[PDB]
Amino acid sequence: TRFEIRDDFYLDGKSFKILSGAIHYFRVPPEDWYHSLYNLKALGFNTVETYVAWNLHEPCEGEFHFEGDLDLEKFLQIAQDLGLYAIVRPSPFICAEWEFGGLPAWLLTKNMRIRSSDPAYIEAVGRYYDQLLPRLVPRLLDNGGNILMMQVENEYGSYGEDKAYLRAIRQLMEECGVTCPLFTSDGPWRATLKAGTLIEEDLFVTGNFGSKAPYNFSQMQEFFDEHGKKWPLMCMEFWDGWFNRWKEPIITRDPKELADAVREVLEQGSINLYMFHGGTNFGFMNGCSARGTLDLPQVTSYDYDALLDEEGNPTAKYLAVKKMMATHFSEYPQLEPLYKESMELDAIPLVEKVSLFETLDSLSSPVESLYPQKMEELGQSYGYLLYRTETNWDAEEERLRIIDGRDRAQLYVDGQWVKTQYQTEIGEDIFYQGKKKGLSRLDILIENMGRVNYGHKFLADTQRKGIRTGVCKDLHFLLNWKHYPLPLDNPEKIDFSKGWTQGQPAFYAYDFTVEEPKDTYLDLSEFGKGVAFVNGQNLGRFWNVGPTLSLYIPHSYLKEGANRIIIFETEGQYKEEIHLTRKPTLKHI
C-alpha cells in the first residue's frame, strides 16, 4: 500500500506530512481549476482537499451529472498532473455553508429520517455512491490516481451519536471498492470526538479548528491515548478565515497571525487549510446558519478571506503563509503564483426590461390545486415560487395572513404591491382594501433563501419552503391556487418584448461587447434584491443590505464579442445602466 496510516502517515514507506488546501471544484469555474491548483502547489503544499456536493450531482432523483462544472474527475486529474495528492470528502452531508448541507432537496419529499441509520436514507446514499464511488476508486493512489484518503460523514459528532449510521457509510464505501484509509473529522473535544467517531473500530480521527493547535491537538492526543491509538495528528479543517452572512460585517483575519497559527499545526502534524481558495456560491446554492429558531442566510461570495480571494488571486494572507513556509519549512519547494487581471467598464445602458407577471408564462407552467403546495412537493429545489389565486373582497377592508411561509414573501393584489415579509414577519397582519366588484388577483412571490446547512435546525419544518399551511383572508384559508415554480434555470425564456411596470419584480437586460474576456465585478449597489445572469449563467444573489454589493463574474463566463447580462430584481429598485468594476463593491457596516 502506497499510503498507510500507522504511528504516522507513510507514503511509499516514508514518513509523510500532509500539506493540504481546500478548493471546492463546484465553487471555482473549471477554466480556473488549473490556476487555483497551481497556486496551492506554488505555496509548497502537497495536497488538495474537496467536498463532493450530492445536491449538484443528483439534482433530481436518478438523474446524475458529472460533466462540465461538475467534472470532479477532471478536477482531480489536473491536481495529479500538477503533482498534487488529493483528499476527498464525499459525505452525503458536507455542511460547507452549502444549500441544505449538500443534501438534495427532493429528499424532503421522502418518508425517511435524513442523516441517520434509517435504511430508506442509507439506500438513497447507496444509489448515489453507486454512481460517485466508481469514478473515484480508479483515482485512489494505490490504483494509480492521487487520492490519499476519504472522509466518512462530516462532523457527525456535532449532530448525533448513531454509530450504526457511521458504520453504514463506511460499509457502503468499502463494498464499492474504496480501499484507501478512511477517517472522520470533528471538533477536538471529548463530546464531539466520542459521538462523531468509530475510533474503537480503528477508524482514523481528525480534528477541525482555527487556532490554538497545541491545545486542540492535545485534546486529540488524549483521546487517542485513551483508545491505545498511535496515530499522526491532523487538522482536517484549519479555519483560516470565515464566511459572511447578509446584514453582517465582513471580518478579516490578520495574515501574520494566521501565518503563525498555521506554523503551530505544522510543527506537530498535518493540515488542510479551510479554505485555500473559497470561490463563489453561484446561483441559489448558498447555505444558511441558525441561531435558536432564527435563520441567518449566508452570502453569494465564498471569498472566505481565504489565501486566494474569490477571484483566485493571492492575498496578504497567501504571501504571509508563503513566507512562513519559506522560513520554517524551506524543504518544501515553492513557486511563483499565477494572477488574473480584471477588466473594468462604465455605464452599460439598459436595453430592455419586462415584469415577471408579463413573462410569467414563458418561464413557468403553472400547477393548479385546491390547497396550496410547498416548493419541494411541486418538484422545485431552488429559486422563487409564485402562488396565485383569485378572490373577491367581502368588506371595505380585509385582513390577510400568510400562515407558515418561508423564507420571504411579497404580496401583490391586481399587480399592486401590498406587502413584503421576511421570515418571522411572515404571519403578521396584512390589511387591504379591494374592489367592490368581482375577482381580484392575489399574487404571492416566495423566495427560498437557502436551507440551513448545520445543527439543530437542519431538519426543521422551515426547511421546506413556500406556504406550508395556507393564506387566511378574514378568518378562512383561501383555496384554488395556481403555482408557478420559478427556479429561473431557463433565462433564455424571459420575453423582453412584453410590458414593464414600476414597483414589481422584473428582468432588466444590459448588452455589451467584449474583446478579450477578463474577470470583473457587477456593481449592484443601486439594485434592491434578486439574482443576475451573464450569458445565461446564474451568478448568484445580490442584496443591498450588504456587506457584499457585487457579484463576481469569472472571465470564462464572458464571450468574445456580444455579451448579455440579465438582472432579476424584486424590490423595484434598479438602474438604467450597470457598471462592471475591477474590485468588488463593499458596504461598510
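The numbering used is simple: start at 1 and walk along the sequence shown.
Participant: Identify the stretch, either 495-503 or 104-112, whose C-alpha atoms have the larger mean B-factor according to the entry.
Facilitator: It is 495-503 that shows the higher mean C-alpha B-factor.
Participant: Using only the Cα atoms and their B-factors as the entry lists them, report which of 116-124 and 342-350 averages higher.
Facilitator: Result: 342-350.
Participant: Between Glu376, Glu97, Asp489, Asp474, which carries the biggest CA temperature factor in the record?
Facilitator: Highest C-alpha B-factor among the listed residues goes to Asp489.
Participant: Compare the CA B factors listed in the entry for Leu56, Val28, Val48, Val545 and report the winner.
Facilitator: So the option with the highest C-alpha B-factor is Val545.
Participant: Among all modelled residues of this chain, ranked by Cα B factor, put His35 in the bottom, middle or top third, i.e. lowest, middle or highest.
Facilitator: As the PDB entry reports it, the C-alpha B-factor of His35 lands in the lowest third of its chain.
Participant: Where does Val52 sit by CA temperature factor within its chain: lowest, middle or highest third?
Facilitator: Lowest third of the chain for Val52's C-alpha B-factor.
Participant: Going by the entry, which third of its chain does the Cα temperature factor of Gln171 land in?
Facilitator: Middle third - that is where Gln171 ends up once the chain's C-alpha B-factors are sorted.
Participant: Check where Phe431 lands among this chain's C-alpha B-factors and tell me if it's the lowest, middle or highest third.
Facilitator: Highest third, going by the recorded CA B-factors of the chain.
Participant: Which third of the chain holds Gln77 when residues are ordered by C-alpha B factor: lowest, middle or highest?
Facilitator: For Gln77, the deposited C-alpha B-factor lands in the middle third.
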